[PDB]
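Accompanying notes for the structure given below.
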Amino acid sequence: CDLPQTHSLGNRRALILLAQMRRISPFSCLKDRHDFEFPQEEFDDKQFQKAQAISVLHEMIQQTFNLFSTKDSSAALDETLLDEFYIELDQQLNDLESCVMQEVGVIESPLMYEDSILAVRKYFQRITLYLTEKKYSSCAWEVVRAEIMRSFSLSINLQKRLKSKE
C-alpha cells in the first residue's frame, strides 16, 4: 500500500493515551495479568506480513473502537482520554481501510478472513467475559488496556520480520 513516510519503529498514534493507563499501582492485581487483547497467534511470526497485518490489525483496532464507544468501557476511562481514543483509532482504521479498497488481495480471501477475524474475535471475546467477572474494577481494564500496547507493537514492526521477542 501507499507508504506514509519510509519505515518507522513506533506509530506515535494512540501510544500516548495508552501510557496514561500505566500509572496504575502494581498492587492492584497479580494473577489477573493475561493477554486476551492482541491475538498473538495472528500477530506471531509464524505467518505474519505487511499486507496480512492489515487484515488482523484492522479487526483488532475496529474492535477496540467498539469497546469504549459502546459506553461500557468508555465510562471506565476519562471522557477526555476516552474521547481521544475514538479519533485515535480512526486514523489507524483509515490506513487499513484504504488497503481494502486497493484490492491487494490479502483483504479479500473469504476463507482467510475467518482465520484473521476469528483470531481477534476469540481473544477480544475473552476480555468482555473476563472484565464481567471483575465488573470493571480497575486492574482488569489495565491488564487488557496495557495488552493493547503489544498489539500495536508487533502490528507495526512484526511485518518487517526482523527480530522478535521469543
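With ideal geometry, Cβ positions are generated from the backbone for all residues, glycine too; neighbour counts draw on all protein chains shown. Just so it is clear, none of the values below were taken in a lab; they were calculated from the coordinates.
Search the stretch 123-165 for residues being under 29 Å from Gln5 (Cα atoms) and more than 14 Å from the chain's Cα centre (by Cα), and hand back the single one that is surrounded by the most Cβ atoms within 10 Å (Cβ to Cβ).
Across the stretch 123-165, the extreme among qualifying residues is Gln159.
Could you tell me whether the stretch 143-158 includes any residue that is touching a residue at least 24 places away in the same chain (Cβ under 8 Å) and more than 14 Å from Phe38 (Cβ to Cβ)?
No: the stretch 143-158 contains no residue that is touching a residue at least 24 places away in the same chain (Cβ under 8 Å) and more than 14 Å from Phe38 (Cβ to Cβ).
For the stretch 95-109: of the residues being of a type in the set (S, T, N, Q) and touching a residue at least 40 places away in the same chain (Cβ under 8 Å), which is nearest to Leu57 (Cα to Cα)?
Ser98
When you scan the stretch 20-49, how many residues do you find that are part of a helix (DSSP H, G or I) and either of a type in the set (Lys, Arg) or loosely packed, with under 12 Cβ neighbours inside 10 Å (or both)?
2
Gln5 versus (1) farther than 30 Å from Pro110 by Cβ; (2) touching a residue at least 12 places away in the same chain (Cβ under 8 Å): which is the lone unmet condition?
(2)
Which residue pairs have Cβ atoms closer than 6 Å, lie 6 or more positions apart in sequence or on different chains, and pair a first residue in the stretch 25-36 that is on the phi < 0 side of the Ramachandran plot with a second residue that is acidic (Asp, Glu) and surrounded by 10 or more Cβ atoms within 10 Å (Cβ to Cβ)?
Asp35/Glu147
Mind telling me which of the residues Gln91, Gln63 ends up being assigned to a helix (DSSP H, G or I) and closer than 22 Å to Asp35 by Cα?
Answer to the check: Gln63.
Can you pull out the residues in the stretch 1-36 that are more than 26 Å from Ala53 (Cα to Cα), touching a helix residue (DSSP H, G or I) at 6+ places or on another chain (Cβ under 8 Å) and among the small types (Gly, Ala, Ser)?
Result: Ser28, single match.
When the stretch 1-19 is examined, which residues are found to be surrounded by 14 or more Cβ atoms within 10 Å (Cβ to Cβ) and not hydrophobic (A, V, I, L, M, F, W, C)?
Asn11, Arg13
Would you pick out the residues in the stretch 112-162 that are more than 18 Å from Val56 (Cα to Cα) and polar (S, T, N, Q)?
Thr128, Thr132, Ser137, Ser138
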